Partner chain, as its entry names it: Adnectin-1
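Presented as structure tokens, the chain that follows is alone, the form deposited without the partner chain.
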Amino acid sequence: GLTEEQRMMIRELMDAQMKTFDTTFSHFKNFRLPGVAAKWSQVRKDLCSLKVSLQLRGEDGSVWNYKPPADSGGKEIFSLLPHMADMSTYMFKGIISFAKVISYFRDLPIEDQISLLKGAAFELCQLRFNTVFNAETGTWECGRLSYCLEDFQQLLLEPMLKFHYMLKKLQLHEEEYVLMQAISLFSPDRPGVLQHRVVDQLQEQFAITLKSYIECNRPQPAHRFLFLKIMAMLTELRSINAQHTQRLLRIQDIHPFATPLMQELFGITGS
């Protein structure tokens, strides 16, 4: 029960997701793996908040399985950074392809495109990982890869992990996940955006379509206020993004790891 423009909107967003999101992670390869003075206390706190074991199912049926070390006050806490930087770079490329395919994004001036991508790449990445997150086992299932949280109520103290469990509980459709990505991408208040009036009108239209979609396709009392919960999710995710951008820059300051694409998105110039 949407306007013709509203369903053309969902159709195009659902199309750009289909073309740019490798849900089986088939083309993620050549990645790195762990081998076979008051900043550090913060960096140690930054790192220990999301430790994860890693499983690789080979095409032949073999299984590699990695258990990370415990914190012993040394550089061994940096063991997973190259791999997770390689995974982030792969996700970021899918995000950039996603935005480039959308006509509303394409139509913005280029300098506004980079500004919007710098501001929302993390958030769109987190949103895509939620669709492959298994809340019953605490595992991100990325095709032949899987990432299982180490052994509960004290794990939800981490805001990002708390975000993933709450978003998964909302039981969202594919159409609702992609409208969330559009709203986060077309945020008029990212640093450096110039066409903020255009970008705000675009954002307001993606939110209105989402509100109408829920009310057309979700009449159950369980989904009362669902639109407002999602919009609050997005504000929460957005705060998680800011506070994590500093986590990453702190680690980068004392132990470099960011790929060239990660530097581009986060403002590191090379000197």
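Shifts are known only where both forms have a C-alpha. We call the rigid core whatever largest set of C-alpha positions still superposes within 1.5 Å between the two forms. Positions refer to the first chain, counted from 1.
What comes next is about the form solved in complex with the partner chain, which does not appear here.
Using a 4.5 Å cutoff between non-hydrogen atoms, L248 does not count as a contact of the partner chain in the bound PDB entry. Though the partner is left out of this view, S97 does reach within 4.5 Å of the partner chain in the bound PDB entry, counting heavy atoms only. Under a 4.5 angstroms non-hydrogen atom cutoff, the partner chain in the bound PDB entry has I110 among its neighbouring residues. In the bound PDB entry, no heavy atom of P256 sits within 4.5 Å of the partner chain.
The contact residue chosen from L161, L81, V101, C125 relative to the partner chain in the bound PDB entry is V101, the criterion being a non-hydrogen atom within 4.5 angstroms. Interface residues of 3-24, taken as those with a heavy atom within 4.5 Å of the partner chain in the bound PDB entry (partner not displayed): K19, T20, in sequence order. For the residue set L56, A232, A222, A70, core-aligned C-alpha shifts between this form and the one not shown reach 2 angstroms or more at a single site, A222. After superposition on the rigid core, a single segment of 3 or more consecutive residues displaced by 2 Å or more at every C-alpha between this form and the one not shown is found, at 220-222.
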